[PDB]
There are 6 protein chains.
Amino acid sequence: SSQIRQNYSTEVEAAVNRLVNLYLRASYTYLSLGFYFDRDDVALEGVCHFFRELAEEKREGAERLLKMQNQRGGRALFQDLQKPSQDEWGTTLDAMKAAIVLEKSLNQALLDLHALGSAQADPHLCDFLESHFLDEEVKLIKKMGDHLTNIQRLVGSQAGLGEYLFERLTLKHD
Amino acid sequence: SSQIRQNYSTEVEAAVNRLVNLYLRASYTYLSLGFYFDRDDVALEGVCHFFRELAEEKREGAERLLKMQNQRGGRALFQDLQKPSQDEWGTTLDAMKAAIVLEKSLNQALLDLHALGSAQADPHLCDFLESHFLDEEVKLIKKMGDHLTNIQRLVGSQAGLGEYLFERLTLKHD
Amino acid sequence: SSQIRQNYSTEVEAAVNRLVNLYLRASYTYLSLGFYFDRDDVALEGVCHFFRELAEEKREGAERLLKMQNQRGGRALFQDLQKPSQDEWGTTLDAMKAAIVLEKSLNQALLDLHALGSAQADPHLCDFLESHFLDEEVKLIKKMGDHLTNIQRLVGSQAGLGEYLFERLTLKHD
Amino acid sequence: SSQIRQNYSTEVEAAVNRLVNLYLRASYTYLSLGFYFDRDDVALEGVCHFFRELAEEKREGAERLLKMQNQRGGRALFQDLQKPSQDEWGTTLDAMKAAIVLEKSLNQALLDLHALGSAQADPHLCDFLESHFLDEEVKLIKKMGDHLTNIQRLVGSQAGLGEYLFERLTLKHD
Amino acid sequence: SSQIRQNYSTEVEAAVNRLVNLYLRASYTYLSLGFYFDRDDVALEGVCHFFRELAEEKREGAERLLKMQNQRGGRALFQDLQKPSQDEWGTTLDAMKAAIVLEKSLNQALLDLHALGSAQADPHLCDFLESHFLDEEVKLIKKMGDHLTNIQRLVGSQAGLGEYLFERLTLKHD
Amino acid sequence: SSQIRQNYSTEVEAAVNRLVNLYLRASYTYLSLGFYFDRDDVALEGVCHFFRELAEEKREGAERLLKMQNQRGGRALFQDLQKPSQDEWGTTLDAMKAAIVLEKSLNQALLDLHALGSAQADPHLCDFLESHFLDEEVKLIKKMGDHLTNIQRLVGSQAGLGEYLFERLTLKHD
Ligand SMILES: C=CC1=C(C)c2cc3[nH]c(cc4nc(cc5[nH]c(cc1n2)c(C)c5C=C)C(C)=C4CCC(=O)O)c(CCC(=O)O)c3C
Ligand SMILES: C=CC1=C(C)c2cc3[nH]c(cc4nc(cc5[nH]c(cc1n2)c(C)c5C=C)C(C)=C4CCC(=O)O)c(CCC(=O)O)c3C
Ligand SMILES: C=CC1=C(C)c2cc3[nH]c(cc4nc(cc5[nH]c(cc1n2)c(C)c5C=C)C(C)=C4CCC(=O)O)c(CCC(=O)O)c3C
């Protein structure tokens, strides 16, 4: 019995350790996506950059859960990281559609972990979770939605030009 | 046939893609190691820091291979990342002994990829590899060896004090 | 027998003097290309600029081989410079397609000279060559490939607009 | 019929395109001369420098004619560049004697093109030519003459010492 | 078996330890040469300075081999340093002729050690060697050759004046 | 008879030339010592640094005797430099014990040369010697003695820890 731990349920840490593997594996899809747009036959650098910073952000979410878990008297247990679920990612459109989903998946996770953190009454969890995680997750998921409208409204006329303009003026304007 | 690729063998990229998975999985052991020393019952922060920067360095080596591979006309293929090969890591001594090895393993890899890069005559590979990889690898592997002498010469008297002094004055002196 | 020369084969310099004429004549195509886009009936200034700096870069590669050759005890022998192999260069697309090739041609040259520099064992050559030449050549040949994807994805819808946007936002964004 | 061209005779551009090839080929002799004094058995660096900047100046004259020609509605046509007319260049004296001549040759050209530009009444030509070209050409041809007096007055006593002093104190005094 | 060493052949270090003694003994000739021109009956300070900095440069090459050798798991073994092979060094001409040779001798050494470093397949050696050693060695050996042309072209008229001018204006002009 | 020399005995210079070889060979032991503590199985960097600066200091003493000797009308004659008298140097304790001695040996030399410089009446010698040499020699020999007390008082309990603390806090405190 680690002289620190208090109010930390064993399921609350089992959930934190799956969260850790979720962030690490979403971080994996993001670099998988990134180098796919650096490819010389896709050549869409604005997009690589979008995804390479996302990958970082996710590794950050991971490191932060690891740190809070050690701070509560948890035992960070690691599992292996499932490889990305597709290799060629298509259009920006399609890449972006895979993305907004990986993000409903992780927000959903936060949502379920936050709940177990309350029905199994857990005060500073039902705050550590929302302040960094729940919140950024909503901002990120709106801005991902706005991107889709935009690339859809563009890439639906003559599509190749839509992709270009979008990466040239969206990641170089706002 | 990607209009870019020239002098890049298919085995040279298969090797680069295993190198990518080697760097990613060594990056995995390093964060596994790091959070283990942030544990409140190990409490050796100097060591967490050592390993958390190493983990980064390795993710860097990875990103750099991914980037050169896309630059040669390669197809970065990803595999899943094997989980760390141990969970509790012991003493700094033992953690450090696991480390100098993960590093002979990756240097050995560089060594074999560099060789296939020449017996299958490959000019800017038999330079991209040494300038970042081969070289840092030697500096890193000496400094890891010097650490062992030091922690061995300390942690062999009354061991607990050796661990402390070493993390307090080595990661806070040189 | 020039009191300097050491380990420098006569074929290694014959190759360096063809390399010199290759760089000088690729430098020639680049200015030929450049003034063609300054033409008032092509009017695509972003492109002239692309090619006028390339022409310089190549004259640089040339001067540098001349200098290393005098540094090894070689006798720089000059030949005349073959005029560009086409006069009107078309579309940016077509101009760009002529380009990525002049560049596989010179990289191939570096590749063959580097090899003769080793099968005829030649240590500081099998380094002078890669550090400036082999390496820049790969970076240049990727970025030329990325350009093609981009102008192809644009100039394939209504083509005239593709050309315009590409020169306006690519050479004025990244 | 290019919607720009006005008062530009076809012979005025044929002359401008030979002028272009004259500047390019004089630029060729100058680098041929330059690397000859970087040779370790001539070793006269002050002189290499003299000629390497001259070579640039000439490439400049060339680029400028190309640019004015595109500005008048001309079609810049390129020809190949005749290799330098000698390989070993001797003494500074002799190198310098080859030089003052390549310069009467190009000034003579300016002189004949300027004339056709008037007997075939051509107003902004019979100014573009003198402002950059005719004028610099006189200053350059005096200073080349002054150099000859000087190296002749020196290199006529015990000659080797004359060469040395001249390159040491002339290109390092005025 | 030193826990560090990897891919380092025993002959590769035996060669590195002779290299160490070569650099140390060339460093010895250079100070032997230096104080000979500080002599009040030679009095040629520009030359002492030339050689005293060369001596340093060589001690540097030595220290650097010692450091890389300890970095590979080698055992730096020292031998005694053979005294300079002449005591009075003559003219600058003669001093300089002894020099360009001590330098073909060490470049030749680099050349042979680099080769054993490859026929006995050794990746980060066949780079540590060229980046500092092989390369500087060529630049140094050209500039030494240029000096000879110069002092020969001077010291061949009335010789005493040639020596003076050369040390006064070469080591005080470029 | 060198027109400079005055009051300089031939034995005074024979002594200065042995002094030169003493400084050069003590400079040799110091680098021999230095790289021994850079070894990855000794790993005591504070000590390498101690000895590498000592080695320099000694080369300085040497260069200074060479310079005064040329200043008096002496003929600096060189001899070869005897290799260090031991290869593995042990403990800091033992390394340090070899050191304080190489220093009584050179101070003793200064002492005997200073004496011959007076019984063979020699005014500016019986000052050049004490101002740089005799004096620094006493300061150096006290501080070497203080080090011994300290490492002895430490390395006599559990010895490995004594070595560590001493190099960590002595070369990083005062
Ligand atoms: C293969 C799946 C993974 C992906 C795609 C991934 C992606 C990243 N990991 C990063 C940083 C990092 N990743 C890190 C440990 C790991 N990262 C790992 C796996 C992944 N990490 C593994 C395995 C690790 C252990 C679990 C660490 C420690 C950092 C650096 C943190 C720091 O200190 O800056 C960055 C930041 C790059 C930059 O320069 O902006 C990315 C994009
Ligand atoms: C072989 C005959 C040639 C010689 C000797 C020559 C010499 C030169 N060309 C230069 C620059 C240049 N030369 C250039 C295009 C060419 N240059 C070429 C042929 C020659 N160019 C060819 C062939 C080209 C096309 C006609 C360009 C574009 C520049 C650079 C202009 C700029 O943008 O700075 C420079 C400037 C070097 C410096 O660093 O100061 C020299 C000396
Ligand atoms: C093998 C025995 C020797 C040892 C161990 C030695 C050690 C040294 N010699 C140095 C500098 C130097 N050593 C020098 C000439 C010699 N040095 C030589 C032999 C030795 N020199 C020989 C042989 C030389 C001629 C007698 C010179 C000229 C310098 C540099 C002086 C300057 O101009 O800075 C330095 C300074 C290193 C630094 O970066 O702080 C050390 C440690």
Side-chain angles (χ1 to χ4, degrees), chain C residues 2-27 55-79 81 106 109-110 113-114 116-117 122-137, chain D residues 27-59 83-84 87-89 92 95 167 171, chain E residues 100 103 107 130-131 134-150 174:
Chain C
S2 179
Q3 294 98 18
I4 176 188
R5 196 175 182 150
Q6 180 167 229
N7 261 50
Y8 199 71
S9 172
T10 303
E11 297 163 68
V12 179
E13 45 158 287
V16 171
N17 270 331
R18 194 190 166 236
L19 229 286
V20 157
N21 190 267
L22 267 36
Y23 272 96
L24 250 25
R25 188 242 187 105
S27 176
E56 177 194 309
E57 247 216 356
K58 298 315 218 193
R59 158 267 293 193
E60 234 75 72
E63 296 187 305
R64 291 197 172 117
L65 292 153
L66 293 177
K67 183 191 181 298
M68 174 226 83
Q69 203 169 195
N70 282 123
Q71 195 171 244
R72 299 286 266 131
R75 196 215 174 188
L77 283 166
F78 299 105
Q79 193 165 174
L81 306 189
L106 269 60
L110 286 38
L113 165 58
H114 182 283
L116 157 128
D122 193 341
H124 21 69
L125 184 82
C126 313
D127 257 314
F128 169 73
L129 270 334
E130 314 71 62
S131 301
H132 307 204
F133 309 116
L134 276 78
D135 263 78
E136 178 166 282
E137 201 62 30
Chain D
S27 176
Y28 211 155
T29 310
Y30 281 144
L31 160 155
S32 192
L33 274 143
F35 280 112
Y36 167 78
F37 282 98
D38 207 329
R39 274 212 292 163
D40 81 276
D41 65 333
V42 184
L44 229 38
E45 227 76 305
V47 193
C48 140
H49 222 46
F50 184 52
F51 292 106
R52 271 207 55 200
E53 281 288 293
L54 259 304
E56 177 194 309
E57 247 216 356
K58 298 315 218 193
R59 158 267 293 193
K83 59 161 270 206
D87 288 302
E88 293 222 21
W89 253 288
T92 311
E167 168 269 313
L171 224 306
Chain E
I100 200 171
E103 298 302 338
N107 194 207
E130 314 71 62
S131 301
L134 276 78
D135 263 78
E136 178 166 282
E137 201 62 30
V138 163
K139 176 197 81 183
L140 191 55
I141 288 172
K142 197 200 180 310
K143 290 203 171 194
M144 206 164 241
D146 288 314
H147 285 344
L148 293 186
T149 296
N150 292 346
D174 206 281

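In what follows, chains are A, B, ... by sequence order, proteins preceding strands, each numbered from 1.
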At what distance, to the nearest 0.5 angstrom, does CG of C/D135 lie from CD of C/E130?
-> 7.5 Å
Look at E/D174 together with E/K143 and state whether they make a salt bridge at an N to O cut-off of under 4.0 Å.
-> no
Distance from C/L106 atom CG to C/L113 atom CG, nearest 0.5 Å?
-> 11.0 Å
If you take all heavy atoms of C/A62 and C/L24, which pair is closest and at what distance?
-> CB-CD1, 3.7 Å
With sequence neighbours excluded, residues passing side-chain contact (heavy atoms from CB on, under 4.5 Å) with D/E167 | D/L44, D/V47
Would you call C/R59 and C/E63 a salt bridge, using N to O less than 4.0 angstrom?
-> yes
Output the distance between atom CG (E/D146) and atom CD1 (E/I141), rounded to the nearest 0.5 Å.
-> 12.5 Å
Quick check: does any side chain N or O of C/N17 sit under 3.5 Å from a backbone N or O of C/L77, one acting as donor and the other as acceptor?
-> yes
All heavy atoms of C/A55 vs all of C/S27, minimum pair found to be O-OG, 3.1 Å
What is the minimum heavy-atom distance between D/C48 and D/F37, and which atoms define it?
-> N-CB, 3.7 Å
With sequence neighbours left out, what residues match C/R64 under side-chain contact (heavy atoms from CB on, under 4.5 Å)?
-> C/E60, C/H132, C/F133
To the nearest 0.5 Å, tell me how far D/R52 CZ sits from D/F35 CZ.
-> 4.5 Å
Any donor-acceptor pair under 3.5 Å from C/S131 side chain to C/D127 backbone = yes
Candidate pair C/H124 and E/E137, rule side-chain contact (heavy atoms from CB on, under 4.5 Å), full reasoning = CA-CA 9 Å; C/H124 21 69; E/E137 201 62 30; 5.5 Å; no
Should the pair D/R39-D/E88 be classified as a salt bridge under the 4.0 Å nitrogen-to-oxygen rule?
-> yes
How many angstroms lie between atom CG of C/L65 and atom CG of C/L129, to the nearest 0.5 angstrom?
-> 8.0 Å
Any side-chain heavy-atom pair from C/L116 and C/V12 closer than 4.5 angstrom?
-> yes
Partner of C/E13 under side-chain hydrogen bond (donor to acceptor under 3.5 Å, both in side chains), chosen from C/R72, C/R18, C/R5 | C/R5
pair C/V16-C/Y8: side-chain heavy atoms closer than 4.5 Å = yes
Enter the distance from E/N107:CG to C/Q6:CD here, rounded to the nearest 0.5 Å.
-> 4.5 Å
Take C/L125 and C/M68, measure what side-chain contact (heavy atoms from CB on, under 4.5 Å) needs, and give me the verdict at the end.
-> CA-CA 9 Å; C/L125 184 82; C/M68 174 226 83; 4.2 Å; yes
Is there side-chain contact between D/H49 and D/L171, with at least one heavy-atom pair below 4.5 Å?
-> no
side-chain contact (heavy atoms from CB on, under 4.5 Å) between D/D38 and C/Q69, worked out | CA-CA 10 Å; D/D38 207 329; C/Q69 203 169 195; over 6 Å; no
Is there a side-chain contact between C/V20 and C/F78 (heavy atoms, below 4.5 Å)?
-> yes
So C/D122 and C/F128, side-chain contact (heavy atoms from CB on, under 4.5 Å) or not? Walk me through it.
-> CA-CA 11 Å; C/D122 193 341; C/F128 169 73; over 6 Å; no
Note, D/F50 side chain near D/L33 side chain (heavy atom, < 4.5 Å) | no
Side chain proximity check, D/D87 to C/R75, heavy atoms < 4.5 angstrom | yes
Sequence-distant partners of C/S2, side-chain contact (heavy atoms from CB on, under 4.5 Å), two or more places apart | C/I4, D/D40
Smallest separation among heavy atoms of D/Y28 and C/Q79, with atom names = OH-O, 2.7 Å
